[PDB]
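Let me begin by presenting the structure, written as C-alpha cells, before commenting on it.
Here it is, written out as C-alpha cells:
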C-alpha cells in the first residue's frame, strides 16, 4: 500500500525555535488569549562608547482544543526552545 501520513489527534501544540545566541534570561514566552508569544533580546556594550543588540519575536496561534494554561517551555543546553501544549478537558454534563 502507499505510504500515508499518520493523522494527529486534535488539541496538541508543538514547535521548536533555535535561540542559541540568547541566554536563558534573554528569552521569554507567554500566552495571550489563544496565541503564544516568544520574545528574545540581547544587548552588549564593548565599552562605554557603544552598543550592540539583537531582538527576535514570534507569535503562534494555538490550535483548536489546546488548554491555554497548559503550555510549557523547555530550553535545552544547546539553545533549542521547545514549546508544547495539551488538550483542555471538558466538564461532564452527565453522571459518570
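Numbering (the numbering used here), first residue to last: 470 to 565. We put the beta carbon where it would ideally sit given N, CA and C, even for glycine.
Check: Taking the Cβ atom as the reference point for each residue, do residue 495 and residue 510 lie within a distance shorter than 7 Å?
Finding: Here residue 495 is taken as the residue at index 26 of the chain shown, counted from 1. Here residue 510 is taken as the residue at index 41 of the chain shown, counted from 1. Contact: yes.
Notebook entry, point to check: Under three-state DSSP, which class holds residue 556?
Noted result: Start at 1 with the first residue of the chain shown, and residue 556 comes out as number 87. Strand, per DSSP.
Item checked: Reduced DSSP category for residue 517 - H, G, I as helix; E, B as strand; rest coil -> Numbered from 1 along the chain shown, position 48 holds the residue referred to as residue 517. It is coil, neither helix nor strand.
Next item on the list: Determine the DSSP secondary structure at residue 495, reduced to helix, strand or coil.
Entry: On the chain shown, residue 495 is found 26 positions in, with the first residue counted as 1. In the structure shown, residue 495 sits in a helix (DSSP, three-state: H, G or I).
Margin query: Looking at the strands, I want to know which residues DSSP matches up with residue 563.
Written below: Residue mapping note: residue 563 aligns to position 94 of the chain shown, counting from 1. For residue 563, DSSP assigns no beta-bridge partner whatsoever.
Notebook entry, point to check: Within the chosen definition, does the segment 551-559 reach the segment 510-525 through at least 3 CB pairs nearer than 8 Å?
Noted result: Result no; under three Cβ-Cβ pairs closer than 8 Å.
Note to self: On the CB-based measure, 16 or more other CB atoms within 10 Å of its CB, does residue 563 come out buried or exposed?
What the structure shows: Numbered from its first residue, the chain shown carries residue 563 at position 94. Classification for residue 563: exposed.
Note to self: Measuring alpha carbon to alpha carbon, tell me which residue in 536, 475, 517 and 479 is nearest residue 505.
What the structure shows: Taking the first residue of the chain shown as 1, we reach residue 505 at position 36. Comparing Cα-Cα distances from residue 505 to each of 536, 475, 517 and 479, the minimum goes to 536.
Next item on the list: Have a look at 507, 565 and 513 and flag the residue whose alpha-carbon is nearest the alpha-carbon of residue 544.
Entry: Here residue 544 refers to the residue found at position 75 when the chain shown is read from its first residue. Closest option to residue 544, Cα to Cα, is 507.
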